[PDB]
Structures are given as C-alpha cells and as structure tokens.
Amino acid sequence: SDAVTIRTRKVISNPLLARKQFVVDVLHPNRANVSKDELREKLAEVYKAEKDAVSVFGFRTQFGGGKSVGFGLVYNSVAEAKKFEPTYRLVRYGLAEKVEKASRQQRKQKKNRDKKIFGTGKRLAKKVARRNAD
Amino acid sequence: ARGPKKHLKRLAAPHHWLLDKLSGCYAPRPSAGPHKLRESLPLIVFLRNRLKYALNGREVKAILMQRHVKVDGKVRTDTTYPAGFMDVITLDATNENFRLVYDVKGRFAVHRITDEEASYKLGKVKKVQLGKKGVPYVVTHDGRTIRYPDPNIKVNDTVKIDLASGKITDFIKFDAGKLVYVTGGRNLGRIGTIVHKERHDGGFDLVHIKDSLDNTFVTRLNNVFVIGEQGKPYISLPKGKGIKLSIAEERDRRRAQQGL
Amino acid sequence: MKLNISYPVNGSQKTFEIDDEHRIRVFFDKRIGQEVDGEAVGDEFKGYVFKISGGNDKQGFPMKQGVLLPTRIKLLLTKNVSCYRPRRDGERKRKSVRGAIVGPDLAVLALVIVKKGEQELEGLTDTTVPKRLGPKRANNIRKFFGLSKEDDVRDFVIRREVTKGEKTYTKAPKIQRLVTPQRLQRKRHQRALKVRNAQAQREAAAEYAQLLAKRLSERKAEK
RNA sequence: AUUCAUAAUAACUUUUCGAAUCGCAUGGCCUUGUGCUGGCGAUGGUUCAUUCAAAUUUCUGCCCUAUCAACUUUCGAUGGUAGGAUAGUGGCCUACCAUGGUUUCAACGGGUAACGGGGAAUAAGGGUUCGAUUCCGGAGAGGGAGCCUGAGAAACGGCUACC
RNA sequence: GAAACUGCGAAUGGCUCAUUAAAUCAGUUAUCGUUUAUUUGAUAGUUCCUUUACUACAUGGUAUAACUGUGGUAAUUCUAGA
C-alpha cells in the first residue's frame, strides 16, 4: 500500500552449506502485520535460486506500526536444503511431513513397559497362553 | 570427587570466549584436548560466534559431517574439539585458512592467512629428552613428539614444522634482540620482542618485555614464547599490530576510524 | 507329582505324572543323576538308568548343586548358578533356594533319559528336533559331515528356504571365516606395513647418526 | 640436584604384550597362476610424552566461651629403628627402643538457630549484621558399618547384614 | 531390522546443609612421592627355538546367548532340565 520495501542487510553467503545468511529490514507504512511467506516469495525472486529454498523466521514488529525486522535464509540448493533445513521450518512451509509419534506420557511409560519383557516376550506369551486357563 | 566432570555451565569459562549471559544453560564443554587448558577454545565457539556461520547446535554438528573442517590434514569430526594456539584451522572448499593468534583486545582473533604459508604451524618445545633405547625426541604445544630431532637445541624455544609430520627445520634461540611474544595472562600477546632477560635461579622465571610503547613490563615464563628473528615474523600479525595502545587515545583513534 | 522328562538323543520330551504312592516316590533319598527304576515309574519302562536332573517345588524355587542339606536355604548367587535374568554389574544378590534330598516337598521334577530301552519312544523319542541354528563357521559346517576339508564350501551350506518374499531366499547361515581375499588382503597388508615402518625408522636412524657425527666432527674438534 | 630418562651385563615370570577383527574400492604386475604388489579406513592393543582428572601437601586467615587451667599416651600420644600393606608418602599398621608433643599469642574442653568462600543490606570516613539459595569447593542420599563390577564409587534412581 | 551377546555410559546432571570450628574452604606453591578408559602424537623385521613328518598360517578350537519344546510358584525387571 505504501511500499513495504524489502531491503536486505548483512548479506553473507556461506560457501560450506551452499546458502546465504542475511538480516531483512522491513519498513511497511500504512499496512502492517503481513505474513511469514509473502516476503519470501518477493525475496526469492530477487535472488534467483528458486522460490522455496528460502528459510525465514522473524518480522519482529517494531514499535509504532510500520517497521519490522525479518530474518530469511535462502539456500543455494533445492533438495539438499531439506537435508539441512530445520524440520520445524519445513512443516511450517508444508513441503516435508509432520511427524506424529505418541506424546510424552505414553512414550516414557512404554520404556517402562519395555524392560519387563524378558527377550522378545513371546516365550512368556506362549506360557501365559497355556496357563490361564491352565 | 568420584569421577570426571562432563559438564560445565557458563560463567565458568573466562571472558575470552565472549559467550552470552542470559542463555541460562551449560557452556560448551571442551573435549579432552591435545594441547592446553580451557583457556583454549573448541572449534564451535570459533565458528558460530566469532566467524558466525550458524545458529543451531544441530547445525554446527551438521557442517562437520560434510568434511570441511581440517587442522593439520587430520579429520577430527568431534563437535567440541579443542583448538590450540597457532594451530591453523585450514578449510576445505570455501578455501579459507585461519591462524590462531591474539589481537589487542584480550580474546583470540578472526584472522585469515594465505593458502601457502598455511601448511606449517609454529611449535613451542617444553621437554627434550633421550629415552627408551636411545631414541631422542622433542615435545610440542599438543605434545606431538617427533622422532630424531635436531640434536641439542634446548627446551624453551620455537620450532618450525613441515606438516608431513614434525620434520623440524630451524632452531630459533633467545638473544639480546629477537622476537618474543606473550601467550596468556592479564596482558597476553601483543609483542615485546625482548629487552633483557634474567633467570631467578631456582624458584620461577621472569623476563623484561619492551613494547612498541617503548616502556617495559614483566610477564612470567609460561606465557613467554619466541616468534623468530626480529622484524621477520613467521606469521602475519592481526590488524591490531601488538601495542596495547592506551585508552586515552583508544577513544581518539576509534572516532578517527569513523572520521568524526 | 508331575515330571518334566527330557531326552538327549535326537530330541523330544513331554511331562508325565503318576498318582500312586511310592510309585511316584521311589525317587527320593538320592539326589541327582544316580538311577531311576522302570517298574516303579509308569509301566512303560523296565530297569533303565536315568540321570535324574534336579527338582522344582511350590514357591517356584529351583534346585542347584551347592547343597546336600535337604531344606530351603539361602546363599550368595553370583554368575553361574540359577539366577541372573536380569540384573546389573555388581550384581551379586541375596537369594534363597530349595536344595537337597527330595521327598515331601516336590512339585515337578526334571528328568533326562539315557536308556529308552524297549517301549516308549512315542512321548519321548519318536521324533527328532527340527534343529534350528545350523553351523555357521566354515570348519564346523564341514564338521557336520567331516567333508575332507579342502571342499571349497558354498557347496553344502545349511540352506533354509521359506517363501514369504516369494523368492524363498535360497540362503545359508552367512558363513564365517571363509578362506578368501579380502581376508587374505588384510594379512598381506600386515607385512606391507611392518616392512615399511620398521625400515623407515632405520633410515631415519641412519640419517640421524650421520647428522650427529658431522656435528660431532666439530663438537669433538671444538678448537 | 638426583640411585633421573637411559644404555649395558646374568637370570626373571602358573610368559605380560608384540592384529587368526570388520568396511568401502578395484587396480597394477607378467611368469593369467586361489602367483606377486598395493589405496582410503574403523576398532583394539603395549610403551613414552601429553591431555581429562583424581589423590596427597606447604604457606596465612577463622564465631562465642576461663561459672572451659593444663589437654595428649600402657588400644601411637611424639620421634627413631626395621618391616606389612598402599596407586605411591607417612605411627597408616606391626615388633623393639627414646620419653616425648601444645600453652596464658588461649592450646585443651564446652557452645554454635556454624556448610566454607566469590558476595548482599544499610551507607561521610571508620564500619555492624547476614550469606540455607543462582558461581567454585566440600559432606550426604532414613542411621552407622562392609563389598563387587568398572579406568573412575566404599556409588546408593548398585549390592550384603543390623537398627 | 527385534531381542540378545560384545563394547561403552550409568562414577556426570540435579538436590539438601544434619554432621563440620585448623576440619572444609579463599588465595598460594609442592608431587624427585603418585595413577589416569577416554583426547592427541609417536609407536612392536627377533614371535618357538621339544627341529627340521609337533602342523592351518590360504585362517584350528570350544561354550554359549537370543530362539524352540514342555515347567513350577498367587507372587517380583523372579526362573529349569533338554
């Protein structure tokens, strides 16, 4: 509305991870509180790698309303990014899969329900079959 | 008591790492090290905080699996692997070469050196000895002993290394006008190059040390280390040039850095 | 009462029980491996020397060897005797156990059988075991026969084939200690090292005495 | 500075150790023969020097108490002699010998709502009073003992016995 | 790719201050009086000389887990013979 003006600072390209590390300054007059990923899709065009090798977290809204501090991370690789992207940022972006194991209180008791087994336990399971009801 | 301590928190490593206070956590504990105390630093403190290549602790461990780290041609995929003094942390692709020196403000350095000249360290000796079945040897910063050295050099000098192994080349003594260099302490590592020694036979050793400030001071022997012939030095010194420039004109120099 | 009765030759067992008074109690006053008659035990047997092999009681206690006092006693049970499934690394325990000479304490008693003799294969001998884990190391593969060991096995491997991958796997124990490189590569890399480094220390030694003697040529002639 | 590292001599061991372990790769060789060479590692191993640490040890500093005036030994109190163990030092323990240790600068004994320090509160200077608690070190895992495994424990989310 | 063998950790971490007045502890040396898996770096041309048919050095052995069969006790990270 009033030139959101993606401007970039501290543009440091890492050669040993095939990426760039940089701090985004965002001054956005007359319209605030945009998005995670619209600014990436405007940043991923000016850096010419792809659309979705960029990893943002930020848009720390500065006081007043109209200025923010972002922090994106474009990589210089597409599929090799997912080998080293943080997986919580990937499930924020939806390209990867969200894991779903049990919660805390079901898993650690399952460790307690793991030591009581003798071996693979089916020697007991044959014996608790025969006896009961004997 | 009862065993080693496989943790230490922050506030217990000294200022020269420049960590954060309100992380509210345990410090990077150095692993068992070849060279020296926790007044050294592990490599992850050199990367993610001085050189600033990463944020996550998962992240910095993931660089080392790609095999880009290298000291001396040795692999060393240990995360918190300690780093000695003047032991060049060369790299793979990204091609940089960092020598471990001391700047003029307490902590160590972020200093690049060239591709050539990065294939040698510089080695303080601490113990020369004839030992088992007539095999002479020296020791180093890391204690990397070297079979069949230059005979009868002495303890307490510096040693050039050939990096296929030790394969020592040149002895550098201490005389009335050479290079010496502090390593550790309150006034660690600027230059004083020499002015005049003493001994104090029996208890401790002191050395008079004359800066480019052109007064003197005295630091004890275990920080004393020789570089080489005067005005030569084997390592390109970092961009503070070893003065302890005084605070009254530290302030007059830094607004003459900004130009106002 | 009941009797778990086993058998060493090809392999079979089951559990037997007789109700009659000293027909079930000819057993006692001798401890382990002596003798069991045939007529007093169930009428299949007739004078057949049995390695009687320890008993079990109510409260589930075993009977191990370090007894000759016919009660339930308590001792220190470290590594080889009945205990340890599981504990940890010191690890002793304190444990009670029913021991010696049997009688009015028994619940089930363990048996093993030297002489079938004449009658009763059908509960104890009549089938072999389908023995599970065949020989894996290369020599005892051939010691299954005595195959005159220059056979180059991958010949008579212990093949087990079950078609659940619809390929039945045609496979073996993944045999151990085959006479082949690159195991032979490893032993010749031993002498590839031990000639190299041992000589290189000597040609480092032959360099040093040369460099010392030239130093000694001015050292011993210091005028 | 050494009886130091060391070398040498004659013996030495229920002869300690000195690669019968796995991975990727496939090459060269000329005599294509289970011929001869050979890469990059991974584990594990004796010995030296490190390192990570443990253990002893000198040097100073301590709260209140004389209605605490002499504590200490024949169950070592202090020292010597020689040993037994000990990771090694040492009355640590043992036999023999000598009678010694601390003190009116306060030892000894009692108390302590006494963990010890880096600090905190009030504030002219001079200080008074806390600090169980963020950091370092110690002790303990209901109360005193004893022990295995392991490089590291007298462990306690290890064990044995008694209360 | 389970268990289970083997190696390794479990001896750190956290928690409390009851004991504790030259005891611990702050600084401050000492270890010529010692040990140390792990971390590093160097690292073992002799190996038995029963003589040359002891014999595998182109590779010898046991003694076994997990597993399978039937068990016991109401019992516990309890446990048997084959």
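Our numbering is plain: 1 for the first residue shown, then up by one each step along the chain.
Keep in mind that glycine also has a Cβ here, set from the backbone N, Cα and C atoms.
When B:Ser119, B:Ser165, B:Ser246 are looked up in Swiss-Prot, the one carrying the note phosphoserine is B:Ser246; the rest have no such note there, which does not rule it out for them.
Swiss-Prot marks one residue of B:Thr80, B:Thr94, B:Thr114, B:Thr140 with the annotation phosphothreonine, and that residue is B:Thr114. When the neighbouring Cβ atoms lying within 10 Å are counted for each of the recorded sites (B:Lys133, B:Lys167), the highest count belongs to B:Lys167. Closest in space to B:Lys160 (ubiquitin cross-link), of the recorded positions given as B:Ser31, B:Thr114, B:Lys133, B:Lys210, B:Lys232, is B:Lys232, taking the CA atom of each residue.
For B:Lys173 (ubiquitin cross-link), other Cβ atoms within 10 Å of its Cβ number 11. Considering only the recorded positions B:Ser31, B:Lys61, B:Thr114, B:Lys173, B:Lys232, the residue whose Cα is spatially closest to the Cα of B:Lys133 (ubiquitin cross-link) is B:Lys173. A simple way to gauge crowding: the CB of B:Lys210 (ubiquitin cross-link) has 16 other CB atoms within 10 angstroms, across all the protein chains here. Mapped onto DSSP classes, the domain 'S4 RNA-binding' (B:41-104) shows 18 helix, 13 strand, 33 coil. Comparing C-alpha positions, B:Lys61 (ubiquitin cross-link) sits nearest to B:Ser31 among the recorded positions B:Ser31, B:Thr114, B:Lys178, B:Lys210, B:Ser246.
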